[PDB]
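>>> Here is my input; please provide its structure:
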Amino acid sequence: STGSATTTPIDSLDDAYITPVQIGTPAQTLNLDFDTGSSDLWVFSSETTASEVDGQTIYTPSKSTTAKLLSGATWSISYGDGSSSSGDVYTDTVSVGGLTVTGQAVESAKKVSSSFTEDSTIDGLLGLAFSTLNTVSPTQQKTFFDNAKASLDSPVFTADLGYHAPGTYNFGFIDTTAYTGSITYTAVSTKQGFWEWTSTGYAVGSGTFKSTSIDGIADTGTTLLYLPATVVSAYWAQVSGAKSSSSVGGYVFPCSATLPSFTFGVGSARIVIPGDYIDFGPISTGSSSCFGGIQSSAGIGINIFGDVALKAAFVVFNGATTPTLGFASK
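Numbering: from 1, shown residues only. Here you go, the structure:
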């Protein structure tokens, strides 16, 4: 089997991407944030504290003939950005882009933190990291991909995120028309439960490539590119007036600037992030200070190849017995 679904930016900055997902019988379609940095499929629901729902579409398990309470199971997750959610668990039928999993754990939120409430466009998350990170207790649950894998034509999914435009998540096949040149594959460590890999270096604009190993994660659920302070300083030093602002919480730059590209290495291959992808616009409405899309990972504890990086590539998440990651230009 295969599936193919369009993913759409939630706003004009590509802050996140939503993908329609069918849950239950008859189908309830919710728009979920596909997150290769976590491993819980959780939704706003009829059980979510009413004051914490503001515009989201909810899953109502009592209206699904295929929903079953997973008795005794609870979940609770805290994300790197300080947001969180928790609740109980149902199993139900879940379909993405025509690919159907029966008995998928659907984690129903009883509570969500303010950042989730405030984002009316995101009805929940669909985790695509390794199932070892799943938070369901006392019986850990599998991700949608893990459940689907054996039925897939090939044990892969691909992320093809758009810049200020829709893109695609495919399951079970590699669309050879969706990228240019060849796909370069690179080793993955699953030791921390992430799609963790090592970039071979970087360049800033038309500058020379610096060969250096940068361990990090491929994370569709993080907006920006978070890299070591040395690398980030070298990038922003090429933008007149750019500076790190403790008050704003990262690097800002004059909105009048033209940003240089940023290149990262995948083996001997190179992925080029155009400068425009690194512009996240005014820090506040009407400001002439703009927020940068490359930020320091210092004190996150991990480097994160988030959407800024991933949307410059066609990315293969290869879930074979020994997982790997593939990157192609597009």
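>>> From now on I want contacts and neighbour counts done on CA atoms only, so please keep to that.
OK.
>>> The stretch 101-250 of the chain: strands as residue ranges?
Here the stretch 101-250 of the chain has its strands, by DSSP state E, counting those that start in this stretch, at 124-127, 156-160, 167-171, 184-187, 196-204, 210-218, 225-227, 243-245, 250-254.
>>> and those, which is most packed in?
strand 124-127 (a mean of 26; mean count of other CA atoms under 10 Å).
>>> mind checking how far that strand is from the chain centre?
Offset of strand 124-127 from its chain centre (CA atoms, centre = their mean, to the nearest Å): 9 Å.
>>> Please parse this protein into its domains.
Domain segmentation of the chain under curated CATH domains yields 5-174, 175-330.
>>> mind checking how far the first one is from the chain centre?
This means domain 5-174. With CA atoms, centre = their mean as the basis, domain 5-174 stands 12 Å off its chain's centre.
>>> Just the terminal-to-terminal distance for it.
Taking CA to CA, to the nearest Å, domain 5-174 runs 13 Å from one end to the other.
>>> got it, and the last one?
From the first residue to the last, domain 175-330 extends over 12 Å; the measure is CA to CA.
>>> Could you report the neighbour count for residue 72?
10 (other CA atoms under 10 Å).
>>> and it, that's in a strand?
Yes: membership of residue 72 in a strand is supported by DSSP: H, G, I helix; E, B strand; the rest coil.
>>> residue contacts, it?
Shown in contact with residue 72 (CA atoms under 8 Å, 6 or more residues apart in numbering): 88, 138.
>>> same question, residue 203
Taking CA under 8 Å, 6+ apart, one finds 209, 210, 262, 263, 264 in contact with residue 203.
>>> Could you tell me how many residues sit around residue 280?
21.
>>> One more: residue 19?
Residue 19: 26 neighbours (other CA under 10 Å).
>>> Could you number the chain from 447 rather than 1 from now on?
Taking 447 as the first residue, the last one we looked at is residue 465.
>>> Next secondary structure after the host helix or strand of it?
Per DSSP states H and E: residue 465 is located in strand 463-469. As assigned by DSSP H and E, the chain's next helix or strand after strand 463-469 is strand 474-481.
>>> Just the helices from the chain, written as ranges.
Under the criterion DSSP state H, helices of the chain are mapped to 560-564, 590-594, 675-682, 753-756.
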